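Novice: Shown below is the structure under consideration.
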Amino acid sequence: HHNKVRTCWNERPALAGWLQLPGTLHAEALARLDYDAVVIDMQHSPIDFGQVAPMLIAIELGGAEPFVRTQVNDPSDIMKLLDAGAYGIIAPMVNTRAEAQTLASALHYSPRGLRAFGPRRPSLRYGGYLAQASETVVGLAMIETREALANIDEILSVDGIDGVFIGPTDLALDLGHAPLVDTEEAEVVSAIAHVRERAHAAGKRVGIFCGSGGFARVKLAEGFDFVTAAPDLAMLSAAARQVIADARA
Amino acid sequence: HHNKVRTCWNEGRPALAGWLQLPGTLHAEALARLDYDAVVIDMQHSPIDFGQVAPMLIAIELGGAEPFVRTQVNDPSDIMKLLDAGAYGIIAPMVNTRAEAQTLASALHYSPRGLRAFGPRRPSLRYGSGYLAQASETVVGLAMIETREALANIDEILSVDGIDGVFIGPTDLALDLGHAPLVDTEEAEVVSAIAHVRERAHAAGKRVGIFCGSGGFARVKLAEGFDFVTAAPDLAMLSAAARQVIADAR
Amino acid sequence: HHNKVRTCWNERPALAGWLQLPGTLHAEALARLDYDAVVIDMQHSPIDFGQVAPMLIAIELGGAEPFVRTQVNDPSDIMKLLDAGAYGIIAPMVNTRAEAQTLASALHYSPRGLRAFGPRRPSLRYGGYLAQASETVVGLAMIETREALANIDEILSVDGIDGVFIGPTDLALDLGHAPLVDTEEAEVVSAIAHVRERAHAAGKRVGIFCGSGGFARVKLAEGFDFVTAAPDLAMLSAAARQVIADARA
Amino acid sequence: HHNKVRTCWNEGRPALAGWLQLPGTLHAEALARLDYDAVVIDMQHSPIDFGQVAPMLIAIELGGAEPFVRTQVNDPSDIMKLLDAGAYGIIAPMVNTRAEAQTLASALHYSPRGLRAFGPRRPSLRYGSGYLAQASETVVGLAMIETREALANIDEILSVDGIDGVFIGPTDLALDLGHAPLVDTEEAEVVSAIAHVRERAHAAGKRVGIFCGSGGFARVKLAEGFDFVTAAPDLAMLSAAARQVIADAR
Amino acid sequence: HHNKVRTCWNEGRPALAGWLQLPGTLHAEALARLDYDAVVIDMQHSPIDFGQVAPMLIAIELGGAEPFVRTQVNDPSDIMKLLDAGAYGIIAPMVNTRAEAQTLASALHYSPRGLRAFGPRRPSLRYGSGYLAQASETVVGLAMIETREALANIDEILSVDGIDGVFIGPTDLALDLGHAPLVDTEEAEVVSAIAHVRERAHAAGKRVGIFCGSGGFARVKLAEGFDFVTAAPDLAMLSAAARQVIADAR
Amino acid sequence: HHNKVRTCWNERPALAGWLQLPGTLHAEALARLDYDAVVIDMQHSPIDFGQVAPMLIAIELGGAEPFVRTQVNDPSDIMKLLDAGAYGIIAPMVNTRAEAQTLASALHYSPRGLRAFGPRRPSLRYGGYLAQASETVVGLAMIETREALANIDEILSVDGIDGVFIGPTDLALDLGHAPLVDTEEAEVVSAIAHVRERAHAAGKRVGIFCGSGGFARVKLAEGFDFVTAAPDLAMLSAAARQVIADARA
Ligand SMILES: [Mg+2]
Ligand SMILES: [Mg+2]
Ligand SMILES: [Mg+2]
Ligand SMILES: [Mg+2]
Ligand SMILES: [Mg+2]
Ligand SMILES: [Mg+2]
C-alpha cells in the first residue's frame with residue numbers, strides 16, 4: 001500500500017538493483033535481496049515491452065519497487081509502463097526544462113498533468129488509487145549531457161518530478177572524457193557534486209547509477225537519495241570471470 | 001569445423017563449462033566469450049522452454065563456446081529436435097539403467113548406429129553437405145548419474161557404446177543417498193560415491209563430468225581428472241554477486 | 001472484400017468489442033459473436049506489437065473487422081499496424097487540427113497522405129488493393145480533453161479522417177470530475193452531446209467507448225455511428241465476481 | 001508461508017478455484033485477487049505452453065491465490081518443471097489406474113518418498129533454505145477421474161499415499177459413459193458416478209474435487225461436501241458476458 | 001464447414017500441400033492463399049514450439065488451406081492439444097508397428113472409438129455445437145513410414161481403422177535402407193519401396209502420401225496416384241530462390 | 001573485427017539480403033549465402049524489437065553484416081538497435097537536412113553525435129570498440145518522396161551519414177505513378193539517376209532496394225554502392241507459385 005522508495009525518503013536513501021537481462025527468475029531473486037527497488041533498463045538492453053511486463057510482476061512479488069529506465073522521454077511509452085505496474089520512471093537524456101515538463105506531464109492525472117486514465121495494474125495493487133496515484137510513482141530526469149548540466153536549475157524547478165538521476169559515463173563522454181564505469185575524472189566529479197548541490201538546494205531528490213558496491217557506498221555517504229548498484233550482466237560476467245580463474249588456478 | 005569439447009578431449013585436456021538457468025541471449029553470448037569451452041543450458045529446473053533455448057544456442061555458438069543442453073528428461077524426440085536446433089552436447093538427467101542409457105544413445109546417432117530422424121536444419125548450415133559422414137563426432141552425449149540405482153548400474157550404463165560417458169548430478173545423488181542436497185558437499189559417503197563413478201568411467205575408457213557450485217571445488221575436480229567440469233550456475237553467481245554489492249553499498 | 005464497419009455505415013451503426021487481454025483464442029471467439037469489429041487496446045494494456053499481430057489474424061478469421069486503439073497518434077506506428085491487417089485505427093489524445101492532420105496523413109497513400117507502401121497483409125486480403133486502399137481503413141480521432149472539445153470543429157474539418165471517438169473517463173478527468181465508467185456527470189454529458197452534434201453537422205462519424213451494454217444501448221439510440229462495449233477484462237472480472245458470489249451463497 | 005488450499009483443508013473448509021484457458025498475466029492476477037483460494041491454469045485444452053504458464057504462476061501468486069496447473073498429461077518430468085516454476089498444485093488428467101496414480105505421486109515428493117529431481121528455483125525463493133523439510137506439504141496433487149476405467153479403479157487410485165485425492169473431469173466422464181459431454185449435467189448415471197467418487201474418496205480419507213461451469217452448480221457441489229470446486233472457465237465466462245452485453249446493446 | 005483434404009478425397013482428387021519449417025504467420029498465410037489444399041507445419045526438424053504453431057494454424061485457416069502438423073513424435077497428449085488448437089491434419093513420424101499406429105488412432109477419435117480428451121477450444125468455434133457428431137471426419141490422420149521396420153509392418157499398420165493411411169518419409173527411409181538421405185531419390189531400392197507402400201495402401205483402401213523436394217518430382221507422384229503430395233519446404237524453396245537472385249545479381 | 005560492407009567499399013559494391021519474415025533459421029541460412037549484409041525490415045513486417053534481437057545474432061553467425069531498415073528515423077530506436085548489434089541502419093522517409101542530422105546524431109558518440117553509451121553487443125564483438133565505434137556502423141538516409149528528391153544536395157551535405165538509399169516504389173507513388181516493384185517509369189528512372197549522380201558528386205554512397213536479381217544486376221552495373229535483392233517473402237511466394245505450377249502441370 002506504499003511506494004517502498006518514497007517510504008525510505010519519508011524516513012533515508014534507497015538502494016536499487018539494475019537489470020539489463022530479460023526474464024522473471026533473476027528479477028524476483030534480486031527483488032528479494034536488500035534492494036528497495038529494481039530498475040529495468042529498456043534503453044541499453046534487449047528488453048522490449050512484452051518482456052518488461054512480466055518482470056514488473058516478478059519484482060513486486062519479490063517485495064522491491066519495480067522501476068523502469070525508459071528508452072526515451074516519451075509520454076505515451078511512460079504511461080503504458082505506469083499502467084503495467086512500473087512505480088518508478090527514470091527518463092534518459094532530459095536536457096531542458098521543456099523536456100522535464102514532458103516527463104512531469106506523463107506522471108500525473110489532470111489537473112497536475114495529462115496522464116491518460118486506464119490503470120490496469122495499479123487499480124489491482126491500490127484498489128482508493130486515484131486519490132493517492134501521484135504518490136505511488138517516483139519520477140527522475142536523467143542528467144547526462146553538458147546541456148543538462150547547464151540547465152540543472154531549470155530542470156529542478158519543474159514541480160511534478162521528484163528529482164534527477166546522474167548518468168556518469170554519458171556525462172563523462174559528452175564532456176570529452178573516457179566513458180569509464182564509476183568515472184572519477186576531476187571535471188565529471190565536479191559536475192556531479194554541482195548537480196547534487198543544486199538538487200538539495202531546490203528541495204529535490206538526486207540519484208546516481210553505480211557500477212560497484214564500493215562507488216555506491218561513497219555516493220550514499222555523499223547524501224544521494226537513490227543509488228543503483230550494479231548491472232546484473234556486469235555482476236554476472238565478473239563473477240563468471242572469477243569462478244573460471246579459480247577453476248583454472 | 002569441430003566440437004570444442006571433443007577437441008579438448010582429443011588434445012588430452014578437460015573441458016570447463018558454464019551453466020545457464022536464466023533464459024536469454026545476452027548473458028549466454030557474454031559467458032560463451034569467457035574462458036569456457038562449452039556452455040550448458042538447463043531445461044530441467046529453469047523456466048527455459050524450447051522457444052527460449054533455440055536463440056541461446058546461436059548466441060553461445062557466436063561467443064565461441066560449444067552449446068550444450070541438460071534436457072528436462074531422457075526423451076529421444078526432444079533430444080533429436082535440440083540436435084537439429086544446434087545443440088552439440090546433450091546431458092540427460094536421471095539415467096538409472098543400461099536400457100535408459102541405450103535410449104539416450106539411440107537419439108544421438110543416425111541409422112545404422114541409432115534411430116535419429118534425419119532433418120539437420122542447423123547442423124547442415126554449420127557442417128555443410130559432408131554432415132552425415134561426421135554427425136556422430138559433432139555431438140557429445142553424457143548420461144546423468146544422480147541415484148543409488150544409477151550408482152549400482154554404473155558398469156552396465158558405462159558399457160553402452162553410443163554415449164561418451166557420465167555426468168554426476170551431486171545434489172540429487174546426495175539426497176538419494178539420505179544426505180543434505182548441498183552442492184560441493186564434504187559428506188564422506190557422497191565424496192566416496194563420486195570418486196567411485198569417476199574411477200569406473202575411466203576404467204571403462206569413458207568420460208566423466210560433474211556439476212560444481214564454486215571455482216574452488218571445480219579446481220579440485222579438474223585436479224582429480226574429471227573430463228567435463230561445470231562451474232557455476234548463472235543465477236547462483238548473480239545472486240551471490242548482488243548480495244556482496246549490497247553488503248559493500250550498505 | 002469490404003470493411004464490415006463501412007458496410008454498416010453505407011446501409012446503420014457498428015457495435016464493436018474491446019480487448020485489454022493479449023491472445024488469439026478470446027479474440028477469435030468474441031469476433032464470431034454479433035460484433036461488427038473488435039478493437040485491440042495498445043494504450044492501457046500489456047499488448048505490444050508482437051502480441052497484437054496474431055490477434056488481428058484471429059479477429060479477421062472470426063469474421064469481425066480488426067481495429068486497434070493505438071498507444072499514441074504516431075504515423076509510423078499506425079502504418080505498421082495497417083500493413084499487419086488493422087483495418088480500423090482509433091488514435092488517443094487528438095487535441096488539435098494539426099494532430100488530426102498527422103492521423104489523416106498515416107491512413108492514405110500519396111497524393112491524399114504520405115502512407116508508406118508495403119501492404120504485406122492487406123495485399124493478401126484484397127489482392128485491386130491500391131485502387132480501394134483508403135476505403136478498406138476506418139480512422140477516428142479521440143476526443144478526451146477540454147482542448148480537443150474546444151477544437152472540435154477544427155478536428156472535424158480534416159478530410160482524411162472518418163470522424164471522432166469519445167473517451168468519456170479521460171474527458172471527465174480533464175474537466176475536473178471523477179473518472180467514472182459510463183460517467184453521467186452533467187458537464188461531461190453536455191460536452192459529449194456537443195461533440196456528437198458537431199460531428200453530424202460536418203457530415204462525419206462519431207463513436208464512443210462504453211463500459212456496459214446498457215450505456216451502449218442509449219448511445220446507439222442517441223445516433224452514435226460506432227459504439228464499443230465492453231472491455232474483455234471488465235466483463236470477465238464482473239462475471240467471475242458473480243460466479244464466486246453464486247458459489248458462496 | 002503456506003499452501004492456501006491446504007490451509008482451507010486444515011481449517012475444515014473447502015477451496016473454491018478459478019480456471020484459466022486464456023494465456024496472459026493481467027486476468028490471472030485480476031481473478032487471483034477475487035474470493036478464489038486457488039486459480040488453475042489449463043495446459044491440456046488451451047494454447048498455454050510452458051513459456052506462457054511461467055509468468056501466469058507469478059501473477060496468480062501476487063494476487064493472493066494458490067497457483068495450480070492442470071497438466072497436458074500425467075508425465076513426471078513435465079510436473080517437476082512446473083513445481084520448480086512455482087506451481088503449488090498439480091491436477092493430472094486421465095489417471096485411470098493405481099500405476100498411473102503412483103506415477104503422479106512419484107513426481108510430487110523428493111527421495112525417499114518419490115523421485116522428484118532437486119532444483120527448486122522458485123519454491124526456494126518463496127520458502128527459503130527450510131524448503132526440503134516441508135516441500136511435500138507445500139504441494140497439492142489430485143489425480144483426474146474422467147473414464148469408466150478410472151471409475152472401476154477408484155479404490156486402488158485412492159490407496160496411493162502421495163496424492164491428496166481425486167478431481168472429477170465431468171464432460172470426459174459423461175462422454176465415456178455414453179452421454180452428452182455437457183458440463184453440470186443432470187444425466188442420472190453421470191450424477192450417480194460423481195456422488196460414488198466423492199463417497200469413496202471421503203471413505204478413504206482423501207480429498208475430492210470437481211470442475212463446474214456455473215456458480216449455481218458449484219454451490220450444490222460445495223453443499224455436497226466437495227473439497228476443491230472450480231467455477232468457471234475464463235473463456236466460457238467471458239463469452240457468456242459478451243453475448244449478454246451485445247444482447248443488451250442491440 | 002469441411003476438411004478441404006477430405007473434400008479433395010471425396011471428389012476423387014489428390015491433395016497438394018505446402019511444408020513449413022520456418023515459424024511465423026505471414027508466409028503461412030501467403031502460402032495458404034496459393035493453390036495448396038493444405039499446409040503442413042513441421043514440429044519435428046524445425047524451431048517451431050507449441051507457442052509458435054498456435055497462431056500459424058489460424059493464419060493457414062484464414063488463407064483458405066487446411067492446417068496440418070507433422071508432430072515431433074507420435075504422443076497422444078501432444079496430438080490432442082494440437083487438435084484443440086485447430087490442427088485439422090496430423091502426420092506422426094516414425095510409426096513402425098501396428099501398436100504405434102493404434103496409439104495415433106487413439107488420439108484422433110473421442111470415446112467410444114478412441115480416448116481423445118474432450119475440450120475442443122478452436123474446433124467448437126469453427127464447427128459449433130454439432131462438433132461431437134462429426135469430429136472424426138473433421139480430422140485427417142497419417143502414420144509416417146520411414147524405416148525398414150515400418151516397411152515390414154506396412155500391412156498391419158494399414159489394418160488400423162482410425163487412421164486415413166500412411167505418409168512416406170523418403171530421406172529417413174533411404175537412410176535406414178543404407179542409401180544417401182537424398183530427397184526425390186532415383187535409388188532403385190528406395191523407389192521400389194515407395195511404390196510397394198503406395199500399392200499396399202491402395203490395396204487396403206487407405207490413402208498414401210509422400211514428402212517431395214521439387215515440383216517436377218511432385219508431378220510424377222501425383223501421376224503415380226499419391227493421395228497427399230507435399231512440395232516443397234519453405235526454407236529449401238527460399239534458400240534456392242536467394243542463391244539464384246544472388247547468382248543473377250553478381 | 002570489421003564491417004563487411006565497409007570492407008567492400010574500402011576495396012567494390014555490397015549485395016544485401018532483405019527479410020520481412022521474423023525468425024533465426026532463414027536469417028542464418030541467407031547470411032551464409034554470398035550476401036555481404038542482410039537487412040531486417042522493421043517498417044513493413046510483423047518484426048518487433050523482441051523478434052529482431054535474435055535475428056541480428058543469427059545473421060552475424062552466418063557471417064553477413066546485420067542491417068536494420070527501421071520503422072522510423074527515431075534516434076532512441078536506432079540507438080537500441082546499435083546496442084543489440086545492428087551494424088547498418090537504413091532510416092525511411094528522410095526528407096530534409098534536419099531529418100538527416102537526426103539520423104547522423106544517433107550513429108556517433110559525442111562529440112560527432114549524441115549516441116547514448118551502453119554498447120551491450122558491440123563491446124562483446126569489438127572488445128578497442130570506442131576508438132573505432134563510428135566505423136563499425138553504416139548509416140543510410142532513405143530517399144522516397146518528391147521532397148527528399150528536391151532536398152537531395154542538403155541531405156548529402158550531412159557529415160555523419162554514409163549516404164542515401166532509394167525506395168523506388170514509394171518514390172514512384174509520391175510522384176503520382178503506380179507503386180510497381182523495380183519500376184522503370186521514365187520520371188522515376190530520371191529521379192533515381194539524379195540521386196545517384198548527386199551522391200557520387202558529394203563523395204557519398206548510394207544504395208537501392210531491388211525486387212529481383214535482374215534489376216540488381218543493372219543497378220550494380222550503374223555503380224550503386226549498396227544493392228538489396230530480394231525480399232524473403234517475395235522470393236518464397238514466387239518459388240512456391242512455381243513449385244505448385246510444376247506439380248499441377
Ligand atoms: Mg546514459
Ligand atoms: Mg539433478
Ligand atoms: Mg483515454
Ligand atoms: Mg477432461
Ligand atoms: Mg523423417
Ligand atoms: Mg518505402
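In the C-alpha cells, chains take the letters A, B, ... in the order shown, each chain's residues start at 1, and ligands count up from 1 in the order shown.
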For ligand 5, return the neighbouring residues as a PyMOL selection string (distance at most 12 Å; only C-alpha atoms and all ligand atoms).

Specialist: (chain B and resi 77+80-81+110-111+115-120) or (chain E and resi 42-45+70-73+91-95+143-147+167-176+181-183+210-212)

Novice: Hey, list the chain E side of the contact with chain F: 6 Å cut-off, only C-alpha atoms, answer as a list in words.

Specialist: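 Residues passing the distance filter: residues 215, 216, 218, 219, 237, 238, 241, 245, 248 and 249 of chain E.
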
Novice: Take the selection from the previous step and output its residues with N, CA, C and O atoms, as a compact mmCIF listing (two decimals), in the first residue's frame.

Specialist:
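As a result, result_18.txt now contains:
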# COMPACT_ATOMS: atom_id res chain seq x y z
N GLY E 215 8.79 -29.55 -57.56
CA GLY E 215 7.53 -29.55 -58.33
C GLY E 215 7.52 -30.69 -59.33
O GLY E 215 6.47 -31.35 -59.43
N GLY E 216 8.65 -30.93 -60.00
CA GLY E 216 8.80 -32.00 -61.01
C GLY E 216 8.56 -33.37 -60.41
O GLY E 216 7.84 -34.18 -61.02
N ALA E 218 7.00 -34.00 -57.50
CA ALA E 218 5.59 -33.99 -57.03
C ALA E 218 4.63 -34.33 -58.19
O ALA E 218 3.72 -35.15 -57.96
N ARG E 219 4.82 -33.75 -59.36
CA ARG E 219 4.04 -34.08 -60.59
C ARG E 219 4.01 -35.61 -60.85
O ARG E 219 2.91 -36.19 -61.12
N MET E 237 12.92 -23.88 -50.54
CA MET E 237 12.49 -23.03 -51.69
C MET E 237 13.11 -21.62 -51.58
O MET E 237 13.66 -21.10 -52.59
N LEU E 238 13.10 -21.08 -50.36
CA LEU E 238 13.64 -19.73 -50.06
C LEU E 238 15.15 -19.73 -50.35
O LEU E 238 15.58 -18.83 -51.06
N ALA E 241 15.88 -19.96 -54.07
CA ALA E 241 15.45 -18.67 -54.66
C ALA E 241 16.51 -17.57 -54.42
O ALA E 241 16.86 -16.86 -55.37
N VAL E 245 18.85 -15.47 -57.15
CA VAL E 245 18.83 -13.97 -57.15
C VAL E 245 20.28 -13.48 -57.04
O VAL E 245 20.65 -12.58 -57.81
N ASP E 248 22.25 -14.18 -60.30
CA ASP E 248 21.76 -13.24 -61.35
C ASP E 248 22.32 -11.84 -61.07
O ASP E 248 22.71 -11.18 -62.05
N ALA E 249 22.35 -11.41 -59.80
CA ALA E 249 22.79 -10.05 -59.37
C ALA E 249 24.29 -9.90 -59.61
O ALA E 249 24.71 -8.93 -60.27

Novice: Give one line per residue of chain D that approaches chain B to at most 12 Å, naming the two atoms of the closest pair and their distance in Å to one decimal, counting only C-alpha atoms; sort by chain then ascending residue number and deliver it as JSON lines.

Specialist:
{"residue": "D:49", "atom": "CA", "partner": "B:49", "partner_atom": "CA", "distance": 8.6}
{"residue": "D:50", "atom": "CA", "partner": "B:49", "partner_atom": "CA", "distance": 6.2}
{"residue": "D:51", "atom": "CA", "partner": "B:49", "partner_atom": "CA", "distance": 5.9}
{"residue": "D:52", "atom": "CA", "partner": "B:49", "partner_atom": "CA", "distance": 9.6}
{"residue": "D:53", "atom": "CA", "partner": "B:47", "partner_atom": "CA", "distance": 9.6}
{"residue": "D:54", "atom": "CA", "partner": "B:47", "partner_atom": "CA", "distance": 6.7}
{"residue": "D:55", "atom": "CA", "partner": "B:47", "partner_atom": "CA", "distance": 9.4}
{"residue": "D:57", "atom": "CA", "partner": "B:47", "partner_atom": "CA", "distance": 11.5}
{"residue": "D:58", "atom": "CA", "partner": "B:47", "partner_atom": "CA", "distance": 11.9}
{"residue": "D:75", "atom": "CA", "partner": "B:73", "partner_atom": "CA", "distance": 10.3}
{"residue": "D:76", "atom": "CA", "partner": "B:73", "partner_atom": "CA", "distance": 9.2}
{"residue": "D:77", "atom": "CA", "partner": "B:73", "partner_atom": "CA", "distance": 6.2}
{"residue": "D:78", "atom": "CA", "partner": "B:72", "partner_atom": "CA", "distance": 7.8}
{"residue": "D:79", "atom": "CA", "partner": "B:72", "partner_atom": "CA", "distance": 10.5}
{"residue": "D:80", "atom": "CA", "partner": "B:45", "partner_atom": "CA", "distance": 8.0}
{"residue": "D:81", "atom": "CA", "partner": "B:45", "partner_atom": "CA", "distance": 5.8}
{"residue": "D:82", "atom": "CA", "partner": "B:47", "partner_atom": "CA", "distance": 8.7}
{"residue": "D:83", "atom": "CA", "partner": "B:45", "partner_atom": "CA", "distance": 9.1}
{"residue": "D:84", "atom": "CA", "partner": "B:45", "partner_atom": "CA", "distance": 6.0}
{"residue": "D:85", "atom": "CA", "partner": "B:47", "partner_atom": "CA", "distance": 6.4}
{"residue": "D:86", "atom": "CA", "partner": "B:47", "partner_atom": "CA", "distance": 10.2}
{"residue": "D:87", "atom": "CA", "partner": "B:47", "partner_atom": "CA", "distance": 11.9}
{"residue": "D:109", "atom": "CA", "partner": "B:176", "partner_atom": "CA", "distance": 12.0}
{"residue": "D:110", "atom": "CA", "partner": "B:175", "partner_atom": "CA", "distance": 8.2}
{"residue": "D:111", "atom": "CA", "partner": "B:176", "partner_atom": "CA", "distance": 5.6}
{"residue": "D:112", "atom": "CA", "partner": "B:176", "partner_atom": "CA", "distance": 6.7}
{"residue": "D:113", "atom": "CA", "partner": "B:176", "partner_atom": "CA", "distance": 10.2}
{"residue": "D:114", "atom": "CA", "partner": "B:176", "partner_atom": "CA", "distance": 10.0}
{"residue": "D:115", "atom": "CA", "partner": "B:176", "partner_atom": "CA", "distance": 8.5}
{"residue": "D:116", "atom": "CA", "partner": "B:172", "partner_atom": "CA", "distance": 9.0}
{"residue": "D:117", "atom": "CA", "partner": "B:172", "partner_atom": "CA", "distance": 6.4}
{"residue": "D:118", "atom": "CA", "partner": "B:172", "partner_atom": "CA", "distance": 5.8}
{"residue": "D:119", "atom": "CA", "partner": "B:45", "partner_atom": "CA", "distance": 5.3}
{"residue": "D:120", "atom": "CA", "partner": "B:45", "partner_atom": "CA", "distance": 6.8}
{"residue": "D:121", "atom": "CA", "partner": "B:45", "partner_atom": "CA", "distance": 6.6}
{"residue": "D:122", "atom": "CA", "partner": "B:46", "partner_atom": "CA", "distance": 9.0}
{"residue": "D:123", "atom": "CA", "partner": "B:45", "partner_atom": "CA", "distance": 11.1}
{"residue": "D:124", "atom": "CA", "partner": "B:45", "partner_atom": "CA", "distance": 11.8}
{"residue": "D:125", "atom": "CA", "partner": "B:239", "partner_atom": "CA", "distance": 11.3}
{"residue": "D:129", "atom": "CA", "partner": "B:182", "partner_atom": "CA", "distance": 10.8}
{"residue": "D:130", "atom": "CA", "partner": "B:180", "partner_atom": "CA", "distance": 11.4}
{"residue": "D:131", "atom": "CA", "partner": "B:181", "partner_atom": "CA", "distance": 11.4}
{"residue": "D:132", "atom": "CA", "partner": "B:181", "partner_atom": "CA", "distance": 8.8}
{"residue": "D:133", "atom": "CA", "partner": "B:180", "partner_atom": "CA", "distance": 10.5}

Novice: Select all residues from chain A having any atom no more than 6 Å from an atom of chain F (counting only C-alpha atoms, ignoring ligands), output as JSON, numbers by chain.

Specialist: {"A": [44, 48, 170, 174]}

Novice: Output C-alpha atoms for every residue in that selection, as a PDB file, in the first residue's frame.

Specialist:
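Written file, part.pdb:
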ATOM      1  CA  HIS A  44      20.719  -0.359 -23.346  1.00  0.00           C
ATOM      2  CA  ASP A  48      11.003  -4.797 -25.268  1.00  0.00           C
ATOM      3  CA  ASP A 170      27.373   9.533 -20.792  1.00  0.00           C
ATOM      4  CA  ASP A 174      29.632  14.359 -23.592  1.00  0.00           C
TER       5      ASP A 174
END

Novice: Which residues are near segment 135-150 of chain F? Cut-off 7 Å, only C-alpha atoms, ignore same chain within fewer than 5 positions. Put them as a list in words.

Specialist: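 Residues meeting the cut-off are residues 2, 3, 87, 88, 89, 90, 91, 92, 93, 94, 95, 96, 100, 161, 162, 163, 164, 165, 166, 167, 168, 170, 171, 174 and 175 of chain F.
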